[PDB]
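Labels below follow one simple rule: chain letters A, B, ... track the order of the sequence lines, proteins then strands, and each chain is numbered from 1. Atoms considered below: every heavy atom in the structure, side chains included; atoms not considered: hydrogens, waters and symmetry mates.
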Amino acid sequence: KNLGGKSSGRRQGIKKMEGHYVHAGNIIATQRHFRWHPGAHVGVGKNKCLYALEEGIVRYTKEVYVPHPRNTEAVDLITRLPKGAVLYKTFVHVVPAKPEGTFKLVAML
Amino acid sequence: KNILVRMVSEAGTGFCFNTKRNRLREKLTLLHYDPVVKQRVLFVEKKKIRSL
Amino acid sequence: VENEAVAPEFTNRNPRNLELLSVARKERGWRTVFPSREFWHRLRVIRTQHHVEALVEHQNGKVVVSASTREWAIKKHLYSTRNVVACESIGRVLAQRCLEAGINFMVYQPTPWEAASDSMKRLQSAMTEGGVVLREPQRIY
Amino acid sequence: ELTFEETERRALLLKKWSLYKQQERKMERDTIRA
Amino acid sequence: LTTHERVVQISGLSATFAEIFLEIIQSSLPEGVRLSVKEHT
Amino acid sequence: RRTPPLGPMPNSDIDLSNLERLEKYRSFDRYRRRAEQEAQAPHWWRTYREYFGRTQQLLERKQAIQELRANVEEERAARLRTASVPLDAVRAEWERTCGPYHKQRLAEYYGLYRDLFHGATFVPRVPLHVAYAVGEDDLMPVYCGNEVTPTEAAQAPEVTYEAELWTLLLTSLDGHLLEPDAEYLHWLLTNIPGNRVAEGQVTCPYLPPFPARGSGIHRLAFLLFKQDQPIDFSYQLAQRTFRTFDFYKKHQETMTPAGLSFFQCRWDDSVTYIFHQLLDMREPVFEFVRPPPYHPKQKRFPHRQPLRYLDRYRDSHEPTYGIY
RNA sequence: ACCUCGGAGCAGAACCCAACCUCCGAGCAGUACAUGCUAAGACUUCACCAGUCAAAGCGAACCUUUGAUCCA
RNA sequence: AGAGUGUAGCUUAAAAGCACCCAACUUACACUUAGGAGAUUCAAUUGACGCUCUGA
Ligand SMILES: [Mg+2]
Ligand SMILES: [Mg+2]
């Protein structure tokens with residue numbers, strides 16, 4: 001009487017652990033809901049996958065979570081916290097490796 | 001249900017694009033970007049393509 | 001000519017070099033968190049119970065240009081340091097200090113209610129008429 | 001419509017009522033704690 | 001004529017705290033109003 | 001398994017069973033302030049920062065406040081949101097009172113201290129003023145971090161400061177063309193008698209800014225040093241180059257910095273004039289060149305890749321014909 | 001009775017894991033009509049097919065599941 | 001008579017931050033926006049003006 005339930009796994013999770021070198025555009029982690037939040041130089045897709053916006057080293061950190069005020073449910077959740085409480089989340093950052101360019105001598109006019 | 005319809009440019013171009021509108025709803029007139037003209041123009045529903 | 005001995009690669013050490021060329025990186029992440037870190041300089045306004053303060057802070061967190069009604073030089077010219085007049089005055093002082101510091105472009109990140117606030121509107125008007133633009137140029141990739 | 005003098009008197013009225021009821025609540029709280 | 005009715009719910013009183021609370025209520029009633037300390041249901 | 005925390009876990013101190021009796025964040029802004037405070041606080045876990053890092057005067061002030069309060073017109077203007085402030089008076093008062101601290105902040109942000117004194121800091125006590133006379137009617141000032149074109153900086157500036165000797169120096173922290181660390185001096189007046197500057201000893205004559213084209217924006221620093229007793233000192237780049245670090249090391253015993261004022265200079269046609277007429281050399285032109293785009297190692301079979309894959313790795317866009 | 005797809009447990013913590021296994025759900029709707037065009041770099045349901053995400057750029061503006069080829 | 005002594009309600013704040021209030025939105029609370037008041041007890045680290053405690 002139990003049908004369905006034959007769906008395969010989504011192969012989600014972290015694709016780049018901490019310290020892994022990541023080029024711009026590489027997907028860092030795919031998640032179904034926000035297990036890891038985007039940090040510095042990390043973007044978010046429609047499906048909440050984290051990709052590197054710059055070329056660098058992936059780092060995972062814990063930071064205080066302050067949601068966008070337009071996120072009404074999160075704002076209410078915060079409104080219900082006690083005074084000392086601060087929410088925390090796991091964030092993924094890309095520490096950019098190369099400089100974004102150098103000045104070169106082109107012509108000795 | 002909804003029906004797929006062919007909005008045809010009122011700008012005289014041969015340009016048409018397919019939209020979805022409820023069968024019970026009135027015939028559609030919609031502003032849309034015409035690539036050939038390179039400007040937003042009116043498109044009018046011409047004929048029903050299919051029922052979806 | 002020994003004066004024409006120039007290293008093939010130039011090394012500009014000015015911290016604001018790339019930022020002013022509009023080529024420096026901005027922290028483009030933090031989509032799920034408020035405020036965005038995608039800026040070079042941010043205008044942060046703190047309205048305490050008694051004093052109104054404004055800061056122009058670099059992305060790295062260094063405070064670059066501050067204007068606080070707490071300072072005697074400014075509080076010695078206005079009645080209440082916690083009203084629209086105080087906000088506009090601190091905004092104009094900050095605009096002047098920003099111009100003298102070379103900070104023409106800035107990002108302001110208010111909450112919806114902060115934006116709706118008339119005092120914040122007056123502060124933004126003061127800054128824009130003083131010259132500072134509350135919208136940073138896009139990065140050039 | 002209204003004039004400037006009446007508006008100023010209204011503002012001073014609000015100020016003095018603020019002071020008066022501030023004294024009121026201060027004395028009420030003093031009695032409370034005492 | 002009509003009489004407008006209001007309710008206030010309260011929970012948590014101490015011995016002396018209840019005394020101060022209702023004596024303040026008694027002394028701060030402006031003009032011709034009806035108080036009550038009735039319970040639920 | 002579970003490793004115990006290496007320190008006080010957040011939200012642990014206030015962890016109590018009296019949640020109902022605990023006051024809550026009624027507002028979003030107070031939570032934001034607390035969150036910013038916690039973010040600033042140090043932590044034992046990995047964090048973003050780790051990786052991306054008299055009394056009479058007071059009485060007079062109180063009396064002045066009471067006088068401003070007493071003035072009813074001021075209250076009317078305040079409540080009509082029409083009052084304003086004297087910008088010049090505020091500027092002067094701030095300069096006298098706490099302007100040096102803000103100028104030290106600006107210098108630290110601009111990196112002058114780390115690049116001039118290797119991190120050794122000071123405070124610009126003297127409210128120095130510099131202005132490059134533009135034409136004859138006006139003179140563009142040089143604040144802390146101003147923006148002045150080399151055309152306006154073509155001629156030596158007029159300097160004013162209420163003080164009593166002084167040594168004034170101008171350096172270009174980033175104009176050097178050969179060595180990244182060195183810098184060029186433009187003009188150095190030494191043993192200034194009091195305020196008048198025309199009587200200063202001109203050790204190195206004046207040069208205008210010469211930031212090469214497309215070489216970004218250069219920061220030029222006016223340093224001013226209090227001088228106890230005069231000391232004898234000592235258009236060629238080889239002799240304009242030096243390090244303010246060891247220079248001021250050689251004179252720190254009787255010299256101490258007391259004034260600063262710096263500005264940003266871009267390219268300008270006056271720079272071409274400077275490079276040709278008197279420096280007598282070809283002007284260098286610099287271009288900001290970004291690193292080549294990264295592409296993964298090319299595969300023999302780019303499975304599922306579009307046709308553009310081959311273009312990503314071809315270098316010449318023009319058709320080639322091999323042996324034919 | 002079932003045959004495809006998806007969610008939860010088995011399968012606790014990267015991924016992955018069956019069943020006549022224990023439960024649940026879907027064959028689209030609402031929206032708009034840039035919900036356009038292009039394009040680095042990536043993910044991928046263990047193959048392929050198919051399916052995802054996406055910087056930069058251009059152009060308007062200021063979206064949240066079902067099926068191939070041939071054939072018409 | 002003696003001890004502790006002492007910033008507006010609180011501050012290992014140095015004249016600041018939290019607290020506090022009215023006005024509008026709220027049934028109401030709350031939020032937000034506008035405004036409001038506030039102190040380092042007097043003399044030279046020290047003595048004496050005020051508070052708490054120990055006794056009669
Ligand atoms: Mg399953
Ligand atoms: Mg695969």
Both D:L14 and F:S27 contact RNA chain H. Which one's nearest nucleotide lies toward the 5' end?
D:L14
Looking at C:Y141, does the NZ or CZ of C:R139 lie under 6.0 angstrom from its six-membered ring centre and within 45 degrees of the ring axis?
yes
Which part of the nucleic acid does F:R30 contact within heavy-atom distance under 4.0 Å: base, sugar-phosphate only, or nothing?
sugar-phosphate
Sequence neighbours left out, what pairs pass side chain to side chain donor-acceptor pair (under 3.5 Å) with at least one residue falling in residues 33-46 of chain A?
A:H37-C:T32
For the side chain of C:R82, starting at C-beta, report the closest nucleotide among G:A61, G:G51, H:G36.
H:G36
Under 4.0 Å: is that the gap between some side-chain N or O of C:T48 and OP1 or OP2 of H:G17?
yes
Checking C:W30 against A:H68 for the ring-ring contact (aromatic ring centres under 6.0 Å, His included) test, could you report, in this order, the C-alpha distance in whole Å, the side-chain angles of both residues, the deciding distance, and whether it holds?
CA-CA 10 Å; C:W30 309 96; A:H68 204 278; over 10 Å; no
Quick check for you: among H:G36, G:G6, G:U52, whose closest atom lies nearest to any side-chain atom of A:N47?
G:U52
Can G:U69 be described as syn, meaning its chi torsion is within 90° of 0, or is it anti?
syn
Can A:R11 and A:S8 be counted as having a side-chain donor-acceptor contact under 3.5 angstrom?
yes
Ignoring backbone atoms, test whether F:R26 places a side-chain nitrogen or oxygen under 4.0 Å from the OP1 or OP2 oxygen of H:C29.
no
Please check: side-chain N/O of C:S22 versus main-chain N/O of C:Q138, any donor-acceptor pairing under 3.5 Å?
yes
Using nucleotides 36-40 of chain G, report all nitrogen or oxygen pairs with the protein that are shorter than 3.5 Å.
unit_1 : atom_1 : unit_2 : atom_2 : d
G:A39  : OP2    : F:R308 : NH1    : 3.1
G:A39  : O5'    : F:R308 : NE     : 3.2
G:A40  : OP2    : F:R308 : NE     : 2.8
G:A40  : OP2    : F:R308 : NH2    : 3.1
G:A40  : OP2    : F:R312 : NH2    : 2.9
G:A40  : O5'    : F:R312 : NE     : 3.2
G:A40  : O3'    : F:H295 : ND1    : 3.2

Does any N or O donor sit under 3.5 Å from an N or O acceptor when you compare the side chain of C:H50 with the base of H:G36?
no
Could you go through nucleotides 28-31 of chain G and list every protein N or O atom that sits under 3.5 Å from one of its N or O atoms, giving the distance for each pair?
unit_1 : atom_1 : unit_2 : atom_2 : d
G:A29  : OP1    : B:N2   : ND2    : 3.3
G:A29  : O5'    : B:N2   : ND2    : 3.2
G:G30  : OP2    : B:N2   : OD1    : 3.4
G:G30  : OP2    : B:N2   : ND2    : 3.0

Looking at RNA chain H, which of residues 118-126 of chain C put a heavy atom within less than 4.0 Å of it?
C:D118, C:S119
Below 3.5 Å is the cut-off: list the nitrogen or oxygen pairs between protein and nucleotides 67-70 of chain G, distance only.
none

Contacts to RNA chain H from residues 23-33 of chain D, heavy-atom cutoff under 4.0 Å, which residues?
D:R25, D:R29
Determine, for nucleotides 8-14 of chain G in 5'-to-3' order, which nucleotides have protein heavy atoms under 4.0 Å from the base (write B), from only the sugar-phosphate (write S), or from neither (write -).
S----BS
Please confirm whether the backbone N or O of C:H50 pairs with a side-chain atom of C:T81, one donor and one acceptor, at under 3.5 Å?
yes
Can you establish whether the number of heavy atoms outside D:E6 located under 6.0 Å from its atom CD is more than 12?
yes
Nearest to the A:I27 side chain among H:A15, G:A42, G:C49, which nucleotide is it?
G:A42
Contact list (N/O, under 3.5 angstrom) for nucleotides 51-53 of chain H vs protein:
none

Compare side-chain N and O positions of A:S8 against OP1 and OP2 of G:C17 and report whether any pair is under 4.0 Å apart.
yes
Which residues pass the side-chain hydrogen bond (donor to acceptor under 3.5 Å, both in side chains) test with C:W40, sequence neighbours left out?
none
Output the rounded distance in Å from CG (D:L13) to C1' (H:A34).
17 Å
With side chains defined as the heavy atoms from C-beta onward, is the minimum distance between F:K299 and F:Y309 less than 4.5 Å?
yes
Please check if the number of heavy atoms outside E:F17 that lie under 6.0 Å from its CZ is greater than 12.
no
Holding to side chain to side chain contact (heavy atoms under 4.5 Å, CB included), I want the full list of residues that pass it with C:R122, two or more places apart in sequence or in another chain.
C:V84, C:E88, C:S125, F:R81
H:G17 OP1/OP2 closer than 4.0 Å to side-chain N/O of F:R33:
no
Closest heavy-atom pair and its distance - C:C87, C:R47
SG-NH1, 3.2 Å
Earlier contact from the 5' end, RNA chain H, for E:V7 and C:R47
E:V7
Residue pairs meeting side chain to side chain donor-acceptor pair (under 3.5 Å), one or both in residues 18-34 of chain D, sequence neighbours left out, come to D:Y20-D:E24, D:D30-D:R33
Neighbour count above 12 (heavy atom, 6.0 Å) for F:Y313 OH
yes
RNA chain G: C:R139 or B:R40, which has the more 5' nearest nucleotide?
C:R139
Residue pair F:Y313/C:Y141 against RNA chain G: nearer the 5' end by closest nucleotide is F:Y313
The glycosidic conformation of G:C46, counting syn as within 90° of 0 and anti otherwise, is syn
Got a donor-acceptor pair under 3.5 Å from the side chain of C:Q49 to the base of H:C20?
yes
Base partner of G:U22, which must satisfy Watson-Crick or wobble distances under 3.5 Å
G:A8
Tell me if a side-chain donor or acceptor on B:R21 pairs with a main-chain N or O of B:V5 at a distance below 3.5 Å.
no
Kindly point out which of G:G59, H:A16, H:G36 is positioned nearest to the side chain of C:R70?
H:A16
Residue set satisfying side-chain hydrogen bond (donor to acceptor under 3.5 Å, both in side chains) with A:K62, at least two apart, ordered chain then number -> A:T90
Take atom NE2 of A:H20 and atom P of G:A42, then tell me their distance rounded to the nearest Å.
15 Å
